[PDB]
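Read the structure below first, then the notes.
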Amino acid sequence: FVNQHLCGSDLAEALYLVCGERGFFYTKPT
Amino acid sequence: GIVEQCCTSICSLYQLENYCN
């Protein structure tokens, strides 16, 4: 996994591939 | 946030590891 653009789906899919079952939280921004 | 800072900008696994347990 390199350093690409993280956006919505990709954002979760990206964390989904780094944590997968580790459970990754991506709360909303202000 | 990340939804806007990670989408408006690029992020490396490092930043990712900072949003998960």
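Starting from 1 in every chain, residues are counted up; chains themselves are A, B, ... following the order of the structure tokens, and ligands are numbered from 1 as listed.
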Determine, for each residue of chain B having at least one atom at most 6 Å from an atom of chain A, the closest pair of atoms and their separation in Å to one decimal, counting only C-alpha atoms; order by chain and ascending number, as a tab-separated table.
```
residue	atom	partner	partner_atom	distance
B:1	CA	A:29	CA	3.9
B:6	CA	A:6	CA	5.0
B:7	CA	A:7	CA	4.4
B:10	CA	A:5	CA	4.6
B:11	CA	A:3	CA	5.3
B:12	CA	A:3	CA	4.0
B:19	CA	A:25	CA	5.7
B:20	CA	A:24	CA	3.8
```
Write down as a PyMOL selection string the residues of chain B whose backbone DSSP state falls under helix (DSSP H, G or I).
chain B and resi 5-8+13-17
Would you put the residues from that selection into a file with C-alpha atoms, as a short mmCIF file (atom, residue, chain, number, x, y, z; two decimals), in the first residue's frame?
```
data_model
loop_
_atom_site.label_atom_id
_atom_site.label_comp_id
_atom_site.auth_asym_id
_atom_site.auth_seq_id
_atom_site.Cartn_x
_atom_site.Cartn_y
_atom_site.Cartn_z
CA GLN B 5 -7.93 16.13 4.62
CA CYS B 6 -7.20 12.63 3.28
CA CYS B 7 -9.39 13.19 0.20
CA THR B 8 -8.25 16.75 -0.50
CA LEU B 13 -0.33 4.11 5.71
CA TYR B 14 1.19 6.00 8.66
CA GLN B 15 -1.76 8.42 8.79
CA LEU B 16 -4.07 5.45 8.24
CA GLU B 17 -2.59 3.55 11.20
#
```
